[PDB]
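Given next, in structure tokens, is a single chain: the form deposited in one PDB entry.
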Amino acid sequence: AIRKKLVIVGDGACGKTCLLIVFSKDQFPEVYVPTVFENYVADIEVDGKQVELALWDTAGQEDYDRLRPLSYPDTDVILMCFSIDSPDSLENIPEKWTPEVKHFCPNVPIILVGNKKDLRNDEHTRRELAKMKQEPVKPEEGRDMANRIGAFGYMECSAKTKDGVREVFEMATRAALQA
């Protein structure tokens, strides 16, 4: 059992806390969704390899530029998150998050993850975005960003419905194992 470190990064309401919670939680938060995530060490078996995957969040660190980098030492895979109901959080991926992640974590694989994919066909989300002269992030827009930033890959998930969550974390384990 090898130990690997995962850190999830991204803007305020990209759903990174919900994603970590839904994955680590045996069951689904039916009664209360916790405000914060402390840490978690997952036992993942991907492609026959048994790995111990430590999971970390950067929620709350977004405004503190000297505190946030303390989350980065020894990271083996970065989940770079954005929200599909927020095309503004995709614009900040290459401008703000990628220069930081590559400076502090050079040669660490990044998976670009589009969260909240369920809101792509939600009526209230499409109405609110139309007032802003916008629409939900299209799959090809996410792939074009992953390509432009040199990401290991692009993935989509929904923490609300659990669709795609297990695949994101197994792929992150595979990316962490490669040397």
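Just count from 1 along the sequence shown to find any residue number. Only the largest set of C-alpha atoms that superpose within 1.5 Å between the two forms is called the rigid core. Residues that one form lacks are left out of the comparison.
Annotation for 112-120 versus 130-138: the higher mean temperature factor (C-alpha) is found in 130-138. Look at the C-alpha B-factors of 147-155 and of 26-34. On average they run higher in 26-34.
In this PDB entry, the Cα temperature factor of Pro99 sits in the middle third of its chain's modelled residues.
Ranked against the other modelled residues of its chain, the C-alpha B-factor of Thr125 as given in the entry falls in the highest third. The PDB entry assigns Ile2 a C-alpha temperature factor belonging to the highest third of its chain's modelled residues. In the PDB entry, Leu177 places in the middle third of its chain by CA B-factor.
In the deposited entry, the Cα temperature factor of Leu90 sits in the top third of values across the chain's modelled residues.
Unshown form solved in complex with a small molecule; subsequent notes refer to it.
Contact between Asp65 and the small molecule in the entry with it bound is found at the 4.5 Å heavy atom cutoff.
With a 4.5 Å cutoff on heavy atoms, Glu91 does not count as touching the small molecule in the entry with it bound; it lies far away. Fitting the two forms on the rigid core leaves the C-alpha of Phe28 displaced by at least 2 angstroms between this form and the one not shown. Listed in sequence order, the runs of at least 3 residues with C-alpha movement of 2 Å or more between this form and the one not shown, after fitting the core, amount to a single one: 26-28.
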